[PDB]
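The form deposited in one PDB entry is given below as one chain in structure tokens.
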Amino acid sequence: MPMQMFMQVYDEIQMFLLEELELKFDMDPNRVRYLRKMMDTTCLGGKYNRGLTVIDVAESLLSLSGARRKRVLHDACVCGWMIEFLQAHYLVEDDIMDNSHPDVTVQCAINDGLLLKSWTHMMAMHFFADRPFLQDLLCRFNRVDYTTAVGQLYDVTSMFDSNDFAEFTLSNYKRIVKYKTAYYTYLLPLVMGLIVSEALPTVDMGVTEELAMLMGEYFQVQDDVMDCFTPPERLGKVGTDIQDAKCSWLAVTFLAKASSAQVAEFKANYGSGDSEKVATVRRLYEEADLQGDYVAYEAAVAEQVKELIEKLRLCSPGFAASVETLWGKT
């Protein structure tokens, strides 16, 4: 039912956006069908975990506060697609960075990214035109864009000096995870579920933001390990954190328990595309028993998650049930 309702609202949102382009933006049918195909290609096919979370939080809050039910669930679907469309946007953005007479393909790719971003605003300004939370919803969506852009600056410049392994620390790793993933992957769907449920002031934002920290930290540590050791066919992509010299969990944990000679060998091989240099970094990670610390680190973070849900349970019981479901997905 939640997935079935989520897909029906997609056709409703798609038909509005495309008809609006045809009726108000003077768009020819060729470009309309081109945009329908590009919208289906970039927005569909995922798991919709962050779009379905908005629905699960909304339905968990109407069970413990007829016509208002259909409105909140429909608003939560439009909100869920704002998140999926936003993720569809960055999916195309994650291709412009590793792809390179004007090139029309690069021009169309940049344009697709701009359209996917604008569609989130257009669907919100339409379906929420008479909602009292429209202004607050647009403001919180601008803040998550700023947070993500700031998180990218931290992630990209973690090995240089913005006009180098000094920033390869555990607190700076948390800072990157906080602004690049945690606030984006987990806080955004939960907060918007509270907005459409009119139960935003009924929850502790500090406890909610802290839950997103640990859940985003748990997920990013797992991603960093899989990016290094999981083979490409089983991971779904080619792990390149070592070649790109990313400030990963494996890097900052290794630099803490390694000898001076091992750090010198790490610094000499980290950040290169050579096959044996990357293999040298994997050997240094293996010999340092990092996968033993990975189990203890993930268990300790999970312990903090299971206990923080109960603090939020005391004031918002229905909200905590939906956070337990999202936490199960990670």
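We number the residues from 1 along the sequence you see. The term rigid core refers to the most C-alpha atoms you can superpose between the two forms while keeping them within 1.5 Å.
One more form of this protein should be noted, the form deposited with a small molecule bound, which is absent from this view; the next part is about it.
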Residue among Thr169, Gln243, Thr157, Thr148 with a heavy atom within 4.5 Å of the small molecule in the bound PDB entry: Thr148
Looking at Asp223, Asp204, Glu210, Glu198, which has any heavy atom no more than 4.5 Å from the small molecule in the bound PDB entry? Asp223
So which of 148-156, 256-264, 70-78, 127-135 is the stretch with heavy atoms within 4.5 Å of the small molecule in the bound PDB entry? 148-156
Three-residue site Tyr90, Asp94 and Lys180 fully in contact with the small molecule in the bound PDB entry at 4.5 Å by heavy atom: yes
Just to confirm, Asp98 within 4.5 Å of the small molecule in the bound PDB entry by heavy atoms? yes
Does any heavy atom of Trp119 come within 4.5 Å of a heavy atom of the small molecule in the bound PDB entry? no
In a superposition on the rigid core, which residue from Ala258, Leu134, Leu153, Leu91 has a CA displacement reaching 2 Å or more between the shown form and the other one? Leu91
Once both forms sit on the same rigid core, is the C-alpha displacement of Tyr297 at or above 2 Å between the shown form and the other one? no
Just checking, between the shown form and the other one and with the core aligned, does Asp112 shift 2 Å or more at the CA? yes
Core-aligned, does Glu19 move its Cα 2 Å or more between the shown form and the other one? yes
